[PDB]
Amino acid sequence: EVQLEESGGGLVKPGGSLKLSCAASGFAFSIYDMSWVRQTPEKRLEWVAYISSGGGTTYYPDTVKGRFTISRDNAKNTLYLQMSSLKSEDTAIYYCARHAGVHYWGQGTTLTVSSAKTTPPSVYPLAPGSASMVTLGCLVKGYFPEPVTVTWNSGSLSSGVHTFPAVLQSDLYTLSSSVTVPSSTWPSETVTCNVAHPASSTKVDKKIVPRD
């Protein structure tokens, strides 16, 4: 059927530039008007740009007019969004939508606009204080950018896990993850949280050991 696949997202400094692509297939890309729509971290949707089927005419809201350029290569069946003078407020998931998005949306590509430095997390074990189920924790502090992937015993502890949304602390992110296990299993059987931060190419393991 119809495929709309966005690419090109990533981390960009404010003032920077980035060009997104939306590869279309499964229909005559040259006979529809295309659009970009974005979703902020606050889960608000906003129209970004609109272009005619031939690519000659474009329409923008005032928030991006003069900075964003929607274009298309009909011979390559590709829609584009050229962004310049990027602002932190442009941080969002960007979707390409056919026409008015009544039927076909892409899966989106994520843009983060920030000056913060890429940083691997510090991972700290959370063991219960020295005094049937036992809850353990994993503090994932001071990383940038999103995301991280937290698993417990390489995924084998999947139920009773709560990984909480990251919060802002300094110019970095912090989150914790909890795991709940029968008291008969830990500490006699090991529990370790695994933390993957692909942006820094790091994967750290932290064993949860009882407090002295």
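All residue numbers refer to positions in the sequence shown, first residue = 1.
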item	value
Residues with no coordinates between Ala131 and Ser132, taken from the deposited sequence as a class	4 to 9
Mean Cα B-factor comparison, 53 to 61 or 167 to 175, giving the higher one as deposited	53 to 61
Comparing 98 to 106 with 79 to 87, the one whose average Cα B-factor in the PDB entry is higher	98 to 106
Of the residues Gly26, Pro41, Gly66, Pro187, the one carrying the largest Cα B-factor as recorded	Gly26
Criterion, highest CA B-factor; candidates, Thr135, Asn74, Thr112, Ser122	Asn74
Cα B factor band for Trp152 (lowest, middle or highest third within the chain)	middle
For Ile70, the third of its chain into which the C-alpha B factor falls	middle
Where the record places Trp47 (Cα B-factor, split into thirds across the chain)	lowest
Chain thirds of CA B-factor: placement of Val37	lowest
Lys19 CA temperature factor, ranked by third within the chain	middle
